[PDB]
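Given next, in structure tokens, is a single chain: the form deposited in one PDB entry.
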């Protein structure tokens, strides 16, 4: 669609104030643009002093009023630009935070962060000068319709100059757009490269691969600068084609004005005043054209920021919801669930689980069987394509995600810790939870002993992805967080689905499922599985 900023609807009064101030400003400018005519035709050509001082003082007062009214519209336009830029950035950030998981696994962090950071633009194209120049271009249309009365042929020449400007801008419409798009794409790729290199640097500084990374970054920077030089060449071509027209048109204006003066009609002071009126007719237009890089860059930034990440399907746009579900204690009843990650290969075949309520079910299989795939399916990070997962007799499709992702706690290997207070880390999601509950969950997660050892026991900072604490001391914070988010289906009288790789820790479990070709081949407790001479028996005898 079209990303037209409708945020100005609550800003109706400000726009009217700006427009009226600009109208009076241009009116005073044109009124004060007769000073040189007053000088040459009447003040000195008649040899009359003691009134030139009065005229000069009056025009100084007029210019002071012009500055006073240009100190106001600039402030108002800056406020409008702030109020638009903040709103558009917040829209984009909320939408990206509510996007599905396929988007986040099929894209690089650099692309998203660069698409956001391309918001200094748009703002720079709606700043004070950039938009007051467009308003003054309209005011220059008004000044030109005034200019038509003040001599005719010179207004025709000015119109021809405007036509030349229009042709020049039209011919250079696409190239600046494409150059900006390509430089933005290359800058996004470079930003992703730096984000990856600085994020994981233990591997680089561990394998002695600084030189290779530097060479790859040099290639990316070389591409960025080549695509920047292309834009520079197009910009210099545009600036030259505009400067030629402007200067030669001004010289033609002076030549034709002299030609008129030495041929009866019109006067020299009329020509001198016509130069300043022609300034208020052309200089806004030429200033706008010289701003075409800024407007074009902002248009490209708003197009990329809105093409995707403002049109892509959201998370909540999945299905309907329900009101009868208030608790999530039930029997999970996978029916022929098939999940394919993208398009590579079906991770899960026609799987079938019969997890009872409040059990301690364990899941085993090959290293690439898809256990974490099952855990992600149960958390609605993804969706099946032919089957129907259920809980308590009703499908989890028809349950509000704010309930599924609140009553199911899932702890994984990729423990992620946020920058902030340990209490703030623990109380993510439900911030209002009191000290007693976080203490209880920490004690139940064995993390309370560690936390009380640190100085500023719970009120201590954790830097970025946990560095103030060891990796084994962050799995326990993940456990404590999952315990705070009081669950009904716990994935590692609440149902516990433990996914583990060692066959010795999960033995005394109510039921154990084993999946090899996606589907479950064997099930039951440990004793019956051992008394089967099956795949689980082979695994147990090999790992004994």
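Shifts are known only where both forms have a C-alpha. Numbering follows the first chain given and starts at 1. The term rigid core refers to the maximal set of C-alpha atoms that superpose within 1.5 Å between the two forms.
This protein has a second form, the form deposited in another entry, left out of what is shown; the following refers to that one.
Superposing on the rigid core, which residue among 463, 313, 470, 106 shifts its Cα by at least 2 Å between the shown form and the other one? Comparing both forms, the shifted residue turns out to be 313.
Has the Cα of residue 323 moved 2 Å or more between the shown form and the other one, judged after a core fit? The answer is yes, as the C-alpha of residue 323 shifts between the shown form and the other one by 2 Å or more after core alignment.
Are residue 394 and residue 324 closer or farther apart at the Cα level in that other deposited form than shown, by 3 Å or more? It is closer: in that other deposited form, the C-alpha atoms of residue 394 and residue 324 lie at least 3 Å nearer than they do here.
I want to verify one pair: residue 315 and residue 105. Are their C-alpha atoms nearer or more distant in that other deposited form compared with the form I supplied, knowing the change is 3 Å or more? Note: Cα gap between residue 315 and residue 105 widens in that other deposited form.
Pull up the moving segments between the shown form and the other one: at least three consecutive residues, every CA shifted by 2 Å or more, rigid core held fixed. Runs moving 2 Å or more: 1-5, 308-317, 323-325.
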